[PDB]
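Structure at a glance
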Amino acid sequence: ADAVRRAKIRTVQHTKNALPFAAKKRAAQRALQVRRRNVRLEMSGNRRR
Amino acid sequence: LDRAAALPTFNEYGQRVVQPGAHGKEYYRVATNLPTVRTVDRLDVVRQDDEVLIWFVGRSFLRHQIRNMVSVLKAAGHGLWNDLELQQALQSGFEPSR
Amino acid sequence: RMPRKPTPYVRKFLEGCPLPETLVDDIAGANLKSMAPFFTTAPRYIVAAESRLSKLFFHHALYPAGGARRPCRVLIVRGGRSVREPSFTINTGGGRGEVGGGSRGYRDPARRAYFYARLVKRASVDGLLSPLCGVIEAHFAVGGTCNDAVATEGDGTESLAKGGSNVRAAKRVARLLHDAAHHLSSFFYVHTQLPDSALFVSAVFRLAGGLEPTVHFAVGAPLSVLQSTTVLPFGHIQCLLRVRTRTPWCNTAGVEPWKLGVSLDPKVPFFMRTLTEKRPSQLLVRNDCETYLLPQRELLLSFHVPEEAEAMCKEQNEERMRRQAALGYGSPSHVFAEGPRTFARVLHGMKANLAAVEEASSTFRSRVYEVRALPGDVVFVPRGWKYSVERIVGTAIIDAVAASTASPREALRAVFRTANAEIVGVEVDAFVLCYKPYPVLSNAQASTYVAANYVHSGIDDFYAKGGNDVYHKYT
Amino acid sequence: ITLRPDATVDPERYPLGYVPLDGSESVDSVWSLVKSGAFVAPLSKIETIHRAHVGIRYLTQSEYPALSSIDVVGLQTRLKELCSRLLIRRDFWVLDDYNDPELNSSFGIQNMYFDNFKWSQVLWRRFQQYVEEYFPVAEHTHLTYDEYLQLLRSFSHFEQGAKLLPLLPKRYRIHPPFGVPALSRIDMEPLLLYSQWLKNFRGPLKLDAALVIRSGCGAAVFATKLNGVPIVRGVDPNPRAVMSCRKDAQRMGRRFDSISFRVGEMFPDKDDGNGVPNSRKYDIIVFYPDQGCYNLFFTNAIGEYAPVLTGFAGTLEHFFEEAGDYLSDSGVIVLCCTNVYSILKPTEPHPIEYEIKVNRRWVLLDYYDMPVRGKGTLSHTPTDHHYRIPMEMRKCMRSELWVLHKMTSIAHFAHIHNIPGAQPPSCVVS
Amino acid sequence: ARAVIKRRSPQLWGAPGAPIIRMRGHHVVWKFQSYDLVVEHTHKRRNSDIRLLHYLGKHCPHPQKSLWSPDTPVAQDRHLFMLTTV
Amino acid sequence: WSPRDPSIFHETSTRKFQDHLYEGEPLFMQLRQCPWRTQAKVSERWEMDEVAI
Amino acid sequence: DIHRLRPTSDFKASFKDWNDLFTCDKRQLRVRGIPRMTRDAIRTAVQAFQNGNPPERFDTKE
Amino acid sequence: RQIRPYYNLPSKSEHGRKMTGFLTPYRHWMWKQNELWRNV
Amino acid sequence: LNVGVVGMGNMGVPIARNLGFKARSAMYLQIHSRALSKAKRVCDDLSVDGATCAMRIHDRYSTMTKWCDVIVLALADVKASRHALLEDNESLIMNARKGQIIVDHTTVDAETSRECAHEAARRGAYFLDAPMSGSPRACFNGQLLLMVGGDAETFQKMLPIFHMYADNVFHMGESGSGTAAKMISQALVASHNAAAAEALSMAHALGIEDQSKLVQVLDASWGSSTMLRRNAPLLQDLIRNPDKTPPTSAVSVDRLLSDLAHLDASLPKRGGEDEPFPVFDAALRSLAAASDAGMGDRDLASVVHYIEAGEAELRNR
RNA sequence: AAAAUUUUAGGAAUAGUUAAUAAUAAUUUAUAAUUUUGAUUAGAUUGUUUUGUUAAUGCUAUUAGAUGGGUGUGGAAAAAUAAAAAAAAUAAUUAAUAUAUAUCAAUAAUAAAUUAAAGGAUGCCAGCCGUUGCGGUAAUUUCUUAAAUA
């Protein structure tokens, strides 16, 4: 029952903290990329002839 | 699907690839070779009071054909397939591996 | 250069399929490159996007690039209705400075969506102008000694609200009430000016709700109405009201001829069609102004096309046909029959498709187009177009298989619904912004009118002087 | 599809049964035609019909705003009706925008998935042959443009497979055949919550054998075995889907072994001694029901000798009714879903809790809930029009996970109900 | 002086303009971010191999505890330290 | 920030006010703001020189 | 409120009073649930008022 | 940048900028008070 | 907008004065009264002290409702509020417009607010009830507690008007939750005052002499309350000298009991024959015992002497 | 402006060409110029003591950039996109913001980026012999740190 309680608590905090962590994890990524790639314009240029 | 997969394509390295299956000998190969093409003259379902009654009328039948037809008909009655699925199953044909 | 991770295989070069900017512009109503070869009498739907519609693009919508002589079309703009705050001068601070308020067109929708997780909850009116409608309705709702018949006669209706002075208004109301007498509960619609109860002094005349309905893409100058007499304040803003005379609830009731084979299961099992209320056993038109209807509820407007516009379009299309067609096309079975796609055949196919669209949109009969108007929309009706109005009450779901056998009425699964003689009450179903009549271009003006010369400026000069001046930009 | 011009609106002017699009009519005009019920197919260009498709769907959504569940359902009905009137000739290769072998230029979503050179060289022919496997040229004179688009996307899956990025790592890809519903971004979120739950709760619970039912795409089965379970069985009513799931299980390496897919209805075969496939009572039975608009809405009783509920309630009742015969005594069944039923139709009672309290056959061991993160289409039928869920509805949508045990193992699970912060039912406390 | 201007980093008086002391950062999460006092042009040069004119120093925007507290403790020598080289 | 926390004990943990010397940080004090004087109905500040030193 | 992407005028109900508006820092301003641009605009307008520059600028939306 | 206070001369033009850039004589005077504090 | 005040009791005149003062001619002000001379006096006083917006004076609900957009009622009793809102022939909610807003600040029963809100919704208007708590001087200075219950968007529309005479305004929910909030607040105040009486009596029984320190001890410990922080300095003397009559206060036992008189009607059922309300009922017993002793209008600190009687009814009932 | 450092299993020719010139803008003069000391073209192809490895002057790896027909404008083409280098009034300067939160909208994870430490496989067989579609059979066996390596 103690193991079940620990698993329950872990899952509950996961469900609660899923939203804030994604915002934090996403932000760390946008702070480490020098230039983001405009795949839309790359594909438009590929189409152009 | 096998015919499309055999038709020419390009390798991951840009090489040309053509399997033998997309060739006239193996391309225009009819489905079956065994005599599994049978006739069922009558095949109907009637609702009695508390019972469904499926009548098959044919001159000869394949092994467990009646019972497998009943299985797929029960699936249809529960609403589990469609016209596309029936056509795919019918085109699949004989499966020699138990 | 951009970083790229090395790979021992071949790299794929996707060209992509984006949504065509031309299509987005066309639906938004902001395409200034399209030229329609054939002019038509059929409503044009456009969906306002982030307030990208303006006087400039709406002028072209009225007068298409093909070269037109008149706004001979109905123009439905889903959303696009704006609300303008009042303006006032700040004297405090460093000096006098105006504050104009602003237009909250895209920022404030007409109805918010009510999705709830736990008889459903829905909005049937526009919340911003619900309160301004409250005052107009309360002006009539009074049950005082002075009968509301005279109120509607004088204050409400103007000189001419429907099909043929002070005596004229009274005889019009008398005809309407006599017609409505035979029914225990009936209703009819009219165009009426704002009541004095809805104008408060400030000398600035403001509205009761503090908000004036407006469309920021209106071209031309608003209609001016006289009380010589002064101008009636907010006279261009008018109301189309429905007068009676003496949270929707859902409920579920207890073949495919276009196919060749027989389908194991129908492709489209169910239909859905809007439910409109019964019309008692009259239309209305404005021959002096161009009308912008702003519904406050969900309406169904049946627009009868004027014979003048119909003949204009027919004759102009046939003139184009004879000018450009060479008569070499011969006579195929149907226009889209395989053969050398001559310019004449292409043009004939264009006209055939246009006629097919017109006849499909129009009901089975002169020509009447049924238009579903919603709160938040704005419908532009030119001068001379007739129309009747009803209120839509909801939607149905019709078993296609059953309706193939007996009828849509019996084939119903679920229906969603929303709920002489004397005038018992009054509602307002739409605000009519009436504008002074737009110009009708003479033959020479139409011939020399070029849409390019109006892609930046000249709109207000066009609409003030009346049509484009011949010799506009040459000699 | 094959048309019958006699039942068409204007056969004398359009004897072919439809109105060809020369590529000039405004999309509002084409929309008016389709609303009046005419069939429209491109003349010589796929671009015209693609533009008409996109514009017509946008215009219909503008006409019928999603202000509540009832108008959402009505919008889906009307939008299916109209979208089933936008045809493309069965021999699409005749359209001049389909392929250009000299400029390696084309139109259509095929170049959102394949490079232009490969498409214009080799894959146009392979797609021509792929289509006939499902839509014979003999049988179909015309094709729906939604069918064309879904054929292209399923061809992309057949060629280069799909990828369930948040559920499975970058290195595992599946090839769901045409007509088997793939899994969208929103549809994964319930599976992400279930995967986290199982990752946390495989230890405390002696959870060894898992049975996933109606594992159409196989994503639930793959996620279960990934988070760790020695034995995984999946039961799907689609033989093609089980074939492909087994092939992809072979493909994904040795980490997915002892995953077995069988064709059958909701539950596996009942044999209990003749071949004895049973005696394999499972520690966990996983159900991830499909939630389409019609399935969620049109639900009620039917039948007089075998009365049965229809739609989402019917499926849930069948699952709850037939489970337990396959479940271990100390086993627990998990249902991962969304609150989209209680959003689409809040008037009628919530089915899971209705069963749990009114029926008194199962016991809520756990319930977890998590707001929906991404946006996209939900429970999409393969060959139907796309409908992405609007923002206001998405704000209310949630992912739910219900974990239930039998009332017979109430004594076994008694000590799990006794932890502080639990919600024991009235039966356990007695 | 471009037909389409760099909308997000406009400047004054064209390139490369006058030299300027800026406090340049690093493409790193704030948790490790540190600055460097550099002399550079008004229009940052990302073309030549010479990005800047002179490197004046470095600044650590994260306070550090006084490791030197025991050494001749003076008034409020235990307050956190902000390190900088100039 | 005790070193008994395995996330604070790691070499690359930023829960420190130093580097290369030790891990974590023993009990320390920091002063937050309480901008709620104005929540009170009557707030006043009295200016008086120190007297206790 | 002058900018179309800084709708400061939409959060009149996000503060209780003049002093509540003027005392809330950036962190509490974000916590109350305000976009980045509106948050920065409110903070900068408050600081300008503090420095002696009232919010007197021309609305550029039109 | 240059501040455009709400109370300087407005350009009643719908083909360009809605506020001119001139200023009331008070704004001229107060601007000096800011200029001088900057000059020190 | 046009905002009109109708209550004009003793606590309503400050609302009208504050609206007139802080309007600054930005919103129009209306005043209604049962007698015209009183409202003329009020308008004269407001203008003499400074009036920014023209003020109109009304004798009849018909003009009051058909002129103004917002109606604010600050009345004395539930019967007067019901008279103003529903049962009158020219009833405000009956003749309400499709969009006008009506707010009530008098403490009425949850069911009263129920009928008011239901009829307003029927007529299409929005009614939200905002019972007020505080002193008339608190209204003069502009401090009040308004706990409004009704539509959220209408409440947002009404924020600026409320702040002209209120400091702390909260939204308790939909369908007249403001009355429930006021009612529960009064019940909790009574219960805490009773508990403070118990604690101080027990301290005196135990024989701890320095109550100055014990007050800070309790305030810094758990179970502290403003009712203790208030009644302690008086209770200390009142228990050591039980002979002295408790002084009169503006907040009285009779006022607390009148405001608690809505609780019984707002609760579901009393036929269970048991009390699911131990502490609250015990406090009510002592309050009623104090009222029946001729000490109704005296201070809330008088519960000490009649707590012992607060057991007689518990034992007998 | 100049000096100097490149690759290819089947190794040869190159050219709007070299110098001189009272020649801007070459009607001229010459026994001109590149190349087996490996040129030209074609193929590969930004460079790149920063990478990795080792006892190793060996092997191995790499993204700073640049851009003769789109306005001749401009000091300079580098000009159709812009994690922001604050841009002519102190906008703001004790904040982790360098926000997505510029929140809706056709559109797909095909694709672009990033390494925390607040049970499967797998069949076979004449029943005196017609396409009756019975059985043997719940068929039995193979499946339950290495490869690449410095």
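Read on for an overview of the structure. (Residues numbered from 1 in each chain as written, not as in the entry; some residues may be left out. Chains lettered and ligands numbered in written order. Part of a larger assembly, values for the part shown. Heavy atoms only, no water.)

**Here we look at the overall build of chain C**
For chain C, the count of helices and strands is 10 helices and 19 strands. Expressed as lengths along the three principal axes of its C-alpha atoms, the size of chain C is roughly 85 × 70 × 60 Å. Counting the 475 residues in chain C, one finds 49% classified as buried. Roughly 24,100 Å² of accessible area belongs to chain C as shown, and the carbon and sulfur atoms make up 55% of that amount. Separation of charge centres in chain C, based on 58 positive and 43 negative side chains, amounts to 5 Å. (Helix = DSSP H or I, 4+ residues; strand = E, 2+ residues; numbered from the N terminus. Buried < 20%, exposed > 50% of the residue type's maximum accessible area, 1.4 Å probe, protein only. Areas by Shrake-Rupley, 256 points an atom, 1.4 Å probe, with all protein chains shown as cover. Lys, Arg positive; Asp, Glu negative; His and termini not counted. Charge placed at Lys NZ, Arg CZ, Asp CG, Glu CD.)

**Observations regarding helix α6 (residues 307-324) of chain C**
Residue and element names in this part refer to chain C. Along its 18 residues, α6 runs 26 Å from first to last C-alpha, staying within 8% of the 26 Å computed at 1.5 Å per residue. Listed in full, the buried residues belonging to α6 are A309, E310, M312, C313, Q316, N317, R320 and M321. Down the axis of α6, the buried set is contained in an arc of 165 degrees. They therefore lie on one face. Projecting away from the buried face of α6 at angles above 90 degrees are the exposed residues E307, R322 and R323. Among the structural elements, α7 (343-361) are those in contact with the buried residues of α6. (Expected span 1.5 Å × (residues − 1). Arc of directions from axis to C-beta. Contact = heavy atoms within 4.5 Å.)

**Here we look at the interface of chain H and chain G**
Between chain H and chain G, the contact holds 8 residues from the first and 4 residues from the second. Around 650 Å² of area is buried between chain H and chain G when both sides are counted, 62% of it from carbon and sulfur atoms. Looking at the side of chain H facing chain G, the largest losses of area belong to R4(H), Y6(H) and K18(H), adding up to 58% of the total buried there. Between chain H and chain G we count 1 salt bridge in total. Between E56(G) and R27(H) there is a salt bridge, with the nearest N and O atoms lying 3.4 Å from each other. Taken together, the connections running from chain H to chain G amount to 3 residue pairs in polar contact. Considered class by class, the residues forming the side of chain H that touches chain G number 5 nonpolar, no polar and 3 charged. (Buried area = accessible area lost by both parts, 1.4 Å probe. Salt bridge = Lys/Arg side-chain N within 4 Å of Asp/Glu carboxyl O. Polar contact = N/O pair within 3.5 Å; in protein donor to acceptor, adjacent residues only side chain to side chain. Nonpolar A, V, L, I, M, F, W, Y, C, P; charged D, E, K, R; others polar.)

**Focus on the protein's contact with RNA strand J**
Looking at RNA strand J, there are 107 residues lining it, with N47(E), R15(F), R36(G), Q47(G) and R38(H) nearest. Contact between RNA strand J and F61(B): a phosphate oxygen at 3.4 Å from a main-chain N or O atom of the residue. In the environment of RNA strand J, a base oxygen lies 2.7 Å from a nitrogen or oxygen atom belonging to the backbone of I5(E). Top contributing element to the surface near RNA strand J by residue count: helix α3 (residues 36-51) of chain G, with 7 residues. Grouping the amino acids of the surface near RNA strand J by side-chain chemistry returns 41 nonpolar, 27 polar and 39 charged. (Near = heavy atom within 4 Å.)

**Re the packing of aromatic side chains**
Within this structure, the stated rule accounts for 67 aromatic pairs over all chains. For the ring pair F267(D) and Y326(D), a centre distance of 4.9 Å and an interplane angle of 10 degrees mean the geometry is stacked. Placement of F267(D) in the loop between β7 (259-263) and β8 (282-287) and of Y326(D) in the loop between α10 (311-322) and β11 (327-338) is noted, with a sequence separation of 59 residues between them. Residue classification places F267(D) among the buried residues on the basis of a relative accessible area of 8%. For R242(C), the ring lying beneath its charged end belongs to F187(C), and the centroid distance is 3.9 Å. (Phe/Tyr/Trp six-rings, centres within 6.5 Å; stacked < 30°, edge-to-face > 60°. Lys NZ or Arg CZ within 6 Å of the ring centre and 35° of its normal.)

**Re the pattern of salt bridges**
Counted according to the given criterion, the structure contains 67 salt bridges over all chains. Counted as one network, the salt bridges with shared partners bring together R273(C), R78(D), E81(D) and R85(D).

**Side note on the side chain of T245(C)**
Residues and elements named next belong to chain C. With respect to the helices, strands and loops of the structure, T245 is situated in strand β10 (residues 237-245). A relative accessible area of 1% places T245 in the buried class. If we skip the residues at most four places from it in the chain, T245 touches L177, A180, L184, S185, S186, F187, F188, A421, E422 and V424.

**Here we look at a nonpolar patch on the surface**
Residue and element names in this part refer to chain B. Taken together, the side chains of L43, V45, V52, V72 and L73 make up a nonpolar region of the molecular surface, amounting to roughly 380 Å² of accessible area. Breaking the nonpolar patch down by element, the ones donating at least two residues are β3 (42-48) and α3 (65-78). Checked against the element boundaries, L43 lands in strand β3. The class for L43 is partly exposed, based on a relative accessible area of 41%. (Patch = residues over 30% accessible without salt bridge, like charges linked within 9 Å, V, L, I, M, F, W, Y side chains within 5 Å.)

**Things to note about the nonpolar core**
With 78 residues, the main nonpolar core has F303(C), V40(D), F127(D), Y148(D) and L151(D) as its most contacted residues. With sequence-adjacent residues up to four places away left out, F303(C) is seen in contact with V74(C), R367(C), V368(C), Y369(C), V371(C), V379(C), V381(C), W385(C), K386(C) and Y387(C). Counting residues in hydrophobic clusters, the runner-up holds 55 residues, among them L211(D), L316(D), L344(D) and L404(D). (Core = buried A, V, L, I, M, F, W, Y, C linked by side-chain atoms within 4.5 Å.)

**Some details on the sheet that holds strand β19 (residues 423-435) of chain C**
Strands sit in the order β1-β2-β16-β13-β19-β10-β6 (chain C) across an open sheet of 7 strands; the sheet is mixed. Of all strands in the sheet, those bounded by a partner on one side alone are β1 (44-47) and β6 (186-193) of chain C. Here the strands of the sheet are splayed against their neighbours by 25 degrees on average, with no regard to which way each runs. Pairing geometry for strand β13 (residues 290-295) of chain C and strand β16 (residues 378-381) of chain C, over 3 bridges, is antiparallel. By the bridge assignment for β16(C), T291(C) is matched with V381(C). Strand contacts of helix α2 (residues 46-63) of chain D: β1 and β2 (75-78) of chain C, with the helix running at about 85 degrees to β1(C), the strand carrying the most contacts. (Pairing = 2+ DSSP bridges. Axes fitted to C-alpha atoms, helices over the stretch in contact; angles between N-to-C directions.)

**Here's the deal with the interface of chain D and chain C**
It is common to give the size of an interface as the accessible area lost on bringing the parts into contact. Taken together, the contacts link 75 residues of chain D with 59 residues of chain C. Considering only the surface of chain D that becomes buried against chain C, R51(D), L67(D) and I70(D) emerge as the three largest contributors, covering 12% of it. At the surface where chain D touches chain C, the tally comes to 5 salt bridges. Residue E359(C) is joined to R13(D) by a salt bridge in which the shortest nitrogen-to-oxygen separation is 3.2 Å. For the pair chain D and chain C, the number of links is 19 residue pairs in polar contact. When contributions to the side of chain D that touches chain C are tallied by element, the ones reaching two or more residues are β1 (19-21), α1 (27-36), α2, α3 (69-83), α5 (145-160), α9 (293-297), α11 (340-344) and α13 (391-396) of chain D. For the side of chain D that touches chain C, the per-class residue count stands at 36 nonpolar, 23 polar and 16 charged.

**What about the arrangement of the chains?**
Here 13 pairs of chains make contact, and the pair sharing the most contacts is chains C and D. Separating chain F from chain H is a minimum C-alpha gap of 30 Å, and the two share no contact. You won't find any contact between chain E and chain I; their C-alpha atoms come no closer than 32 Å.

**Things to note about unusual backbone geometry**
For the peptide bond that leads from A15(E) to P16(E), omega is -5 degrees, which places it in the cis range. Mapped onto the elements, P16(E) comes out in the segment before β1 (19-24). Of note in this structure, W13(E) is not a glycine but carries a positive phi near 75 degrees. By the secondary structure assignment, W13(E) is in the segment before β1. The backbone of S25(I) sits at a positive phi, close to 65 degrees, despite the residue not being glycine. Relative to the assigned elements, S25(I) resides in the loop between α1 (13-23) and β2 (28-32). The exposure class of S25(I) is exposed, given its relative accessible area of 51%.

Note that all results are geometric; they support no functional claim without further evidence.
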